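K.L.:
Enclosed is the structure file coords-v8.cif (mmCIF, C-alpha atoms).
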data_query
loop_
_atom_site.label_atom_id
_atom_site.label_comp_id
_atom_site.auth_asym_id
_atom_site.auth_seq_id
_atom_site.Cartn_x
_atom_site.Cartn_y
_atom_site.Cartn_z
CA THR A 2 26.27 7.02 -13.23
CA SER A 3 24.75 3.52 -13.16
CA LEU A 4 21.03 3.13 -12.61
CA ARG A 5 21.58 -0.54 -12.09
CA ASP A 6 23.81 0.37 -9.16
CA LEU A 7 20.61 1.29 -7.30
CA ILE A 8 19.39 -2.34 -7.25
CA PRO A 9 19.92 -3.93 -3.82
CA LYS A 10 22.69 -6.54 -4.04
CA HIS A 11 21.44 -8.71 -1.17
CA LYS A 12 18.51 -9.10 1.22
CA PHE A 13 19.96 -6.63 3.77
CA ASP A 14 21.15 -3.99 1.31
CA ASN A 15 19.20 -0.79 1.97
CA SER A 16 22.09 1.42 0.85
CA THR A 17 20.17 2.61 -2.23
CA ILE A 18 16.78 3.25 -0.59
CA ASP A 19 17.31 7.01 -0.14
CA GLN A 20 18.22 7.34 -3.82
CA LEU A 21 15.37 5.12 -4.98
CA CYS A 22 12.87 7.28 -3.01
CA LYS A 23 13.70 10.34 -5.17
CA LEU A 24 12.92 8.82 -8.59
CA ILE A 25 9.73 9.32 -10.61
CA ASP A 26 7.86 6.75 -12.73
CA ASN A 27 9.94 7.46 -15.86
CA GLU A 28 13.39 7.31 -14.23
CA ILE A 29 12.94 4.09 -12.26
CA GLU A 30 11.16 2.12 -14.98
CA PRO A 31 14.34 0.49 -16.41
CA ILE A 32 15.03 -1.29 -13.10
CA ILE A 33 11.48 -1.73 -11.82
CA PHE A 34 11.53 -5.47 -12.61
CA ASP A 35 14.78 -5.80 -10.69
CA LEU A 36 13.33 -4.03 -7.65
CA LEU A 37 10.25 -6.26 -7.83
CA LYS A 38 12.63 -9.20 -7.34
CA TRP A 39 13.17 -8.02 -3.74
CA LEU A 40 9.54 -8.88 -3.00
CA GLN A 41 10.26 -12.56 -3.73
CA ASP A 42 10.38 -13.05 0.04
CA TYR A 43 8.79 -10.33 2.21
CA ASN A 44 10.63 -11.87 5.18
CA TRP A 45 13.76 -10.16 3.78
CA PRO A 46 14.55 -6.89 5.60
CA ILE A 47 15.01 -5.00 2.30
CA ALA A 48 11.52 -6.06 1.14
CA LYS A 49 9.99 -3.67 3.73
CA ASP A 50 11.59 -0.59 2.13
CA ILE A 51 11.13 -1.84 -1.41
CA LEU A 52 7.37 -2.49 -1.22
CA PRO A 53 6.42 1.17 -0.70
CA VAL A 54 8.61 2.09 -3.71
CA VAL A 55 7.27 -0.42 -6.24
CA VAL A 56 3.69 0.36 -5.21
CA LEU A 57 4.25 4.08 -5.65
CA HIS A 58 5.47 3.42 -9.20
CA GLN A 59 2.80 0.84 -9.94
CA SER A 60 1.81 2.54 -13.20
CA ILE A 61 5.04 1.46 -14.90
CA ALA A 62 5.20 -1.91 -13.14
CA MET A 63 2.05 -3.60 -14.43
CA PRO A 64 3.54 -5.57 -17.34
CA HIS A 65 6.23 -6.95 -15.03
CA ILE A 66 3.63 -7.76 -12.40
CA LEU A 67 1.69 -9.82 -14.97
CA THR A 68 4.91 -11.60 -15.95
CA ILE A 69 5.32 -12.63 -12.30
CA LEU A 70 1.70 -13.85 -11.96
CA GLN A 71 2.03 -16.04 -15.08
CA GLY A 72 5.41 -17.49 -14.09
CA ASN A 73 6.27 -20.43 -11.84
CA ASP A 74 7.59 -18.50 -8.83
CA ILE A 75 4.78 -19.31 -6.39
CA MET A 76 6.39 -17.52 -3.45
CA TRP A 77 6.99 -14.42 -5.54
CA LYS A 78 3.39 -14.19 -6.75
CA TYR A 79 2.09 -14.88 -3.23
CA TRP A 80 3.84 -11.74 -1.96
CA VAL A 81 3.13 -9.58 -4.99
CA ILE A 82 -0.55 -10.48 -4.84
CA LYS A 83 -0.94 -10.26 -1.06
CA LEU A 84 1.00 -7.00 -0.79
CA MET A 85 0.38 -5.01 -3.95
CA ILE A 86 -3.21 -5.77 -5.00
CA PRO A 87 -4.95 -3.90 -2.15
CA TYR A 88 -2.93 -0.79 -3.04
CA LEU A 89 -3.28 -0.66 -6.83
CA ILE A 90 -5.46 2.23 -8.06
CA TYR A 91 -8.60 1.17 -9.92
CA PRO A 92 -7.33 0.83 -13.53
CA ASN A 93 -4.35 -1.22 -12.32
CA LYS A 94 -6.47 -3.36 -10.05
CA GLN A 95 -8.45 -4.32 -13.19
CA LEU A 96 -5.40 -5.35 -15.25
CA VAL A 97 -4.66 -8.31 -12.94
CA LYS A 98 -8.18 -9.64 -12.28
CA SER A 99 -7.90 -12.23 -15.08
CA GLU A 100 -4.75 -13.64 -13.51
CA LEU A 101 -6.36 -13.73 -10.05
CA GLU A 102 -9.31 -15.70 -11.40
CA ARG A 103 -6.91 -18.06 -13.16
CA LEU A 104 -4.97 -18.62 -9.92
CA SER A 105 -8.22 -19.23 -7.98
CA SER A 106 -8.88 -22.16 -10.31
CA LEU A 107 -5.63 -23.93 -10.10
CA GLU A 108 -5.75 -27.57 -9.06
CA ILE A 109 -4.72 -27.75 -5.39
CA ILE A 110 -1.88 -30.32 -5.29
CA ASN A 111 0.06 -28.80 -2.37
CA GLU A 112 -0.12 -26.34 0.54
CA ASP A 113 1.59 -23.51 -1.37
CA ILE A 114 -1.05 -23.80 -4.09
CA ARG A 115 -3.78 -23.91 -1.44
CA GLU A 116 -2.34 -20.65 -0.07
CA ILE A 117 -2.37 -19.06 -3.52
CA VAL A 118 -5.87 -20.17 -4.52
CA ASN A 119 -7.39 -19.15 -1.19
CA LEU A 120 -5.63 -15.78 -1.20
CA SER A 121 -6.71 -15.22 -4.82
CA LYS A 122 -10.33 -16.07 -3.88
CA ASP A 123 -10.37 -13.84 -0.80
CA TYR A 124 -8.97 -10.87 -2.79
CA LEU A 125 -11.48 -11.30 -5.64
CA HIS A 126 -14.41 -11.19 -3.21
CA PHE A 127 -12.81 -8.39 -1.19
CA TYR A 128 -11.37 -5.96 -3.77
CA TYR A 129 -13.62 -6.78 -6.72
CA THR B 2 -15.25 23.29 -6.61
CA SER B 3 -15.13 21.26 -9.76
CA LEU B 4 -12.33 19.43 -7.97
CA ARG B 5 -14.44 19.22 -4.80
CA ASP B 6 -17.13 17.42 -6.82
CA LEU B 7 -14.68 14.53 -7.15
CA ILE B 8 -15.01 13.87 -3.40
CA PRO B 9 -17.26 10.83 -2.81
CA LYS B 10 -20.73 11.90 -1.66
CA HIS B 11 -21.31 8.72 0.37
CA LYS B 12 -19.90 5.32 1.24
CA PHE B 13 -21.10 3.77 -2.03
CA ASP B 14 -20.04 6.62 -4.28
CA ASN B 15 -17.41 5.28 -6.69
CA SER B 16 -18.56 7.60 -9.50
CA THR B 17 -15.48 9.85 -9.25
CA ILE B 18 -12.84 7.12 -8.92
CA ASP B 19 -11.81 7.11 -12.63
CA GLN B 20 -11.24 10.87 -12.49
CA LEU B 21 -9.43 10.67 -9.15
CA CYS B 22 -7.11 8.01 -10.61
CA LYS B 23 -5.85 10.40 -13.35
CA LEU B 24 -4.76 13.22 -11.05
CA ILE B 25 -1.18 14.00 -10.02
CA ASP B 26 -0.02 15.11 -6.54
CA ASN B 27 -0.38 18.84 -7.07
CA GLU B 28 -3.80 18.60 -8.70
CA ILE B 29 -5.30 16.45 -5.94
CA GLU B 30 -3.65 18.17 -2.95
CA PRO B 31 -6.51 20.63 -2.19
CA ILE B 32 -8.97 17.76 -1.55
CA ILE B 33 -6.60 15.17 -0.12
CA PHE B 34 -7.84 15.90 3.40
CA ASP B 35 -11.43 15.29 2.27
CA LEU B 36 -10.34 12.08 0.57
CA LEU B 37 -8.62 10.90 3.79
CA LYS B 38 -11.97 11.22 5.60
CA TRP B 39 -13.15 8.13 3.68
CA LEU B 40 -10.64 6.07 5.68
CA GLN B 41 -12.52 6.94 8.91
CA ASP B 42 -14.03 3.45 8.52
CA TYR B 43 -12.32 1.04 6.11
CA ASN B 44 -15.49 -1.09 6.17
CA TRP B 45 -17.11 1.61 4.01
CA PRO B 46 -17.10 0.22 0.47
CA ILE B 47 -15.60 3.34 -1.16
CA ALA B 48 -12.68 3.17 1.33
CA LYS B 49 -11.20 0.25 -0.66
CA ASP B 50 -10.86 2.44 -3.74
CA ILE B 51 -9.82 5.62 -1.87
CA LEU B 52 -6.93 3.93 -0.03
CA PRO B 53 -4.76 3.27 -3.12
CA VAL B 54 -5.31 6.88 -4.25
CA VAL B 55 -4.27 8.53 -0.96
CA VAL B 56 -1.21 6.25 -0.68
CA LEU B 57 -0.20 7.04 -4.26
CA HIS B 58 -0.26 10.73 -3.28
CA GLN B 59 1.37 10.34 0.10
CA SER B 60 4.02 13.00 -0.59
CA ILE B 61 1.36 15.73 -0.52
CA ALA B 62 -0.74 14.16 2.23
CA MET B 63 1.78 14.03 5.05
CA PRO B 64 0.72 17.29 6.75
CA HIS B 65 -2.86 15.99 6.83
CA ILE B 66 -1.85 12.55 8.04
CA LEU B 67 -0.05 14.22 10.93
CA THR B 68 -3.22 16.17 11.79
CA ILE B 69 -5.28 12.97 11.91
CA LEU B 70 -2.68 11.25 14.09
CA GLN B 71 -2.59 14.26 16.41
CA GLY B 72 -6.40 14.58 16.51
CA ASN B 73 -9.47 13.37 18.38
CA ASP B 74 -10.73 10.55 16.15
CA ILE B 75 -9.27 7.25 17.44
CA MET B 76 -10.83 5.05 14.77
CA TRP B 77 -9.64 7.39 12.05
CA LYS B 78 -6.01 7.33 13.14
CA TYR B 79 -6.33 3.54 13.62
CA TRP B 80 -7.11 3.00 9.93
CA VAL B 81 -4.61 5.60 8.74
CA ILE B 82 -1.80 3.94 10.74
CA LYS B 83 -2.80 0.35 9.97
CA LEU B 84 -3.35 0.90 6.24
CA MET B 85 -0.93 3.63 5.14
CA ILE B 86 2.28 3.32 7.16
CA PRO B 87 3.43 0.02 5.62
CA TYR B 88 3.24 1.76 2.23
CA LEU B 89 4.94 5.07 2.98
CA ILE B 90 8.30 5.40 1.24
CA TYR B 91 11.21 5.86 3.65
CA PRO B 92 11.26 9.64 4.11
CA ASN B 93 7.48 9.78 4.61
CA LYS B 94 7.64 6.90 7.08
CA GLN B 95 10.20 8.79 9.16
CA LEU B 96 7.88 11.83 9.33
CA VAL B 97 5.31 9.92 11.40
CA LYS B 98 7.63 7.93 13.68
CA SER B 99 7.32 10.45 16.51
CA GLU B 100 3.52 10.23 16.40
CA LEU B 101 3.58 6.42 16.71
CA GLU B 102 5.92 6.67 19.69
CA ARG B 103 3.60 9.21 21.31
CA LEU B 104 0.47 7.10 20.72
CA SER B 105 2.15 3.93 21.96
CA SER B 106 2.65 5.77 25.28
CA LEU B 107 -1.09 6.36 25.90
CA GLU B 108 -2.25 4.86 29.17
CA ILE B 109 -4.63 2.08 28.13
CA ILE B 110 -8.07 2.67 29.69
CA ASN B 111 -10.33 0.98 27.15
CA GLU B 112 -10.17 -1.49 24.26
CA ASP B 113 -10.04 1.20 21.55
CA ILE B 114 -6.95 2.76 23.15
CA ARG B 115 -5.58 -0.76 23.57
CA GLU B 116 -5.94 -1.31 19.81
CA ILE B 117 -4.07 1.92 19.11
CA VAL B 118 -1.18 1.18 21.47
CA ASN B 119 -0.78 -2.42 20.24
CA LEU B 120 -0.86 -1.24 16.62
CA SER B 121 1.65 1.57 17.18
CA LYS B 122 4.04 -0.64 19.14
CA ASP B 123 3.80 -3.40 16.55
CA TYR B 124 4.42 -1.02 13.61
CA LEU B 125 7.37 0.63 15.40
CA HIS B 126 8.99 -2.78 15.95
CA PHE B 127 8.15 -4.10 12.49
CA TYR B 128 8.73 -1.16 10.14
CA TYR B 129 11.29 0.94 12.01
#
Would you give me this structure, written as structure tokens?

P.N.:
Amino acid sequence: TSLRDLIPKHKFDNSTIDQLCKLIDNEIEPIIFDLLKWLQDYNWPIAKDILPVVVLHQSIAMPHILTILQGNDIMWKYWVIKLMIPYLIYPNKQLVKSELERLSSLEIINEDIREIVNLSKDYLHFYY
Amino acid sequence: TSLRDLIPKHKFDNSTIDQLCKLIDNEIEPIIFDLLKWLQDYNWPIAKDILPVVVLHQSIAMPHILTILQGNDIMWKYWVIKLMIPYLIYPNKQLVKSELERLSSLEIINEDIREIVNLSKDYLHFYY
């Protein structure tokens, strides 16, 4: 009772991983965005267990992934892009190409942006 | 046999990818071993599109992933470890831990074995 109870509460909280690993696309969808938030910094221990889960349920995560790419959380999109793009099946890989091209042609005004543009350029040439 | 026609014929054969991307675990299972063969060299262009599909279906591929890790093709297990393990959900990750420990124990006598030991030791420290 309480699907939201399965969302990690902090960056070390792997207490719900075993439960999360049993869900199918339809059951996890209502908290998928919340689980994506634990990829905001892959340096977090919980991010390691969360990544395999969100990738597995990629086909209900795409609208939330786009939301992240359009937003202003540079660190979050850096990890989502770097970590999830190489593992999206073809139709999903296509849904985010626009955003990757847009990121590749951001004006470089700092090192974080340089990271994002360069990553977005590498991944276009590599996976597309 | 219809299903076996969905196996790529060669390293440039992405003609079956759209059909492969629609299948569920139990449909794809009988050819998952043949699909894993396209990770024998990730430099093969079709490998990029096969990887997301075999990871998506990890929970019917584990027996075959064990065979590869226990087998005689060093390059093949190299790509399977390097590419798939970071994206196995927790229970599936645990299933291959013993193989990584075994491989990390190989006496290093050439650079290919060196690659395998370094990779296994790194992944054990990082993901386990």

K.L.:
Find the nearest atom pair between each residue of chain B and chain A for residues within 10 Å, count all atoms listed in the file, give distances in Å to one decimal, sort rows by chain and ascending number, and present the table as CSV.

P.N.:
residue,atom,partner,partner_atom,distance
B:18,CA,A:91,CA,7.4
B:19,CA,A:91,CA,7.3
B:21,CA,A:90,CA,9.4
B:22,CA,A:90,CA,6.5
B:23,CA,A:92,CA,9.7
B:46,CA,A:128,CA,9.4
B:49,CA,A:128,CA,6.9
B:50,CA,A:91,CA,6.7
B:51,CA,A:90,CA,8.3
B:52,CA,A:88,CA,6.9
B:53,CA,A:88,CA,4.5
B:54,CA,A:90,CA,6.0
B:55,CA,A:90,CA,9.6
B:56,CA,A:88,CA,7.6
B:57,CA,A:57,CA,5.5
B:58,CA,A:57,CA,8.4
B:59,CA,A:57,CA,9.0
B:84,CA,A:88,CA,9.4
B:85,CA,A:88,CA,9.5
B:86,CA,A:53,CA,9.1
B:87,CA,A:53,CA,7.1
B:88,CA,A:53,CA,4.4
B:89,CA,A:53,CA,5.6
B:90,CA,A:53,CA,5.0
B:91,CA,A:50,CA,6.6
B:92,CA,A:22,CA,7.7
B:93,CA,A:22,CA,9.7
B:94,CA,A:53,CA,9.7
B:127,CA,A:49,CA,9.0
B:128,CA,A:49,CA,7.0
B:129,CA,A:49,CA,9.6

K.L.:
Write the residues of the selection above to a file with C-alpha atoms, as a compact mmCIF listing (two decimals), keeping the file's coordinate frame.

P.N.:
# COMPACT_ATOMS: atom_id res chain seq x y z
CA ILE B 18 -12.84 7.12 -8.92
CA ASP B 19 -11.81 7.11 -12.63
CA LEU B 21 -9.43 10.67 -9.15
CA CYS B 22 -7.11 8.01 -10.61
CA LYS B 23 -5.85 10.40 -13.35
CA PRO B 46 -17.10 0.22 0.47
CA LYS B 49 -11.20 0.25 -0.66
CA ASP B 50 -10.86 2.44 -3.74
CA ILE B 51 -9.82 5.62 -1.87
CA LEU B 52 -6.93 3.93 -0.03
CA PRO B 53 -4.76 3.27 -3.12
CA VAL B 54 -5.31 6.88 -4.25
CA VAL B 55 -4.27 8.53 -0.96
CA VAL B 56 -1.21 6.25 -0.68
CA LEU B 57 -0.20 7.04 -4.26
CA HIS B 58 -0.26 10.73 -3.28
CA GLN B 59 1.37 10.34 0.10
CA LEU B 84 -3.35 0.90 6.24
CA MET B 85 -0.93 3.63 5.14
CA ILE B 86 2.28 3.32 7.16
CA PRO B 87 3.43 0.02 5.62
CA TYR B 88 3.24 1.76 2.23
CA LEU B 89 4.94 5.07 2.98
CA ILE B 90 8.30 5.40 1.24
CA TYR B 91 11.21 5.86 3.65
CA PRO B 92 11.26 9.64 4.11
CA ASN B 93 7.48 9.78 4.61
CA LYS B 94 7.64 6.90 7.08
CA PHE B 127 8.15 -4.10 12.49
CA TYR B 128 8.73 -1.16 10.14
CA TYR B 129 11.29 0.94 12.01

K.L.:
Could you please determine the separation between CA of residue 38 in chain B and CA of residue 81 in chain B in Å, to one decimal place?

P.N.:
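Straight-line distance from CA of residue 38 in chain B to CA of residue 81 in chain B works out to 9.8 Å.
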
K.L.:
To one decimal place, how far is CA of residue 119 in chain B from CA of residue 97 in chain B in Å?

P.N.:
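Separation between CA of residue 119 in chain B and CA of residue 97 in chain B: 16.4 Å.
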
K.L.:
For residue 35 in chain B, which of B:67, B:7, B:101, B:117 is the closest residue, counting only C-alpha atoms?

P.N.:
B:7

K.L.:
So which one's closest to residue 64 in chain B, B:41, B:47, B:80, B:96? Using all atoms listed in the file, please.

P.N.:
B:96
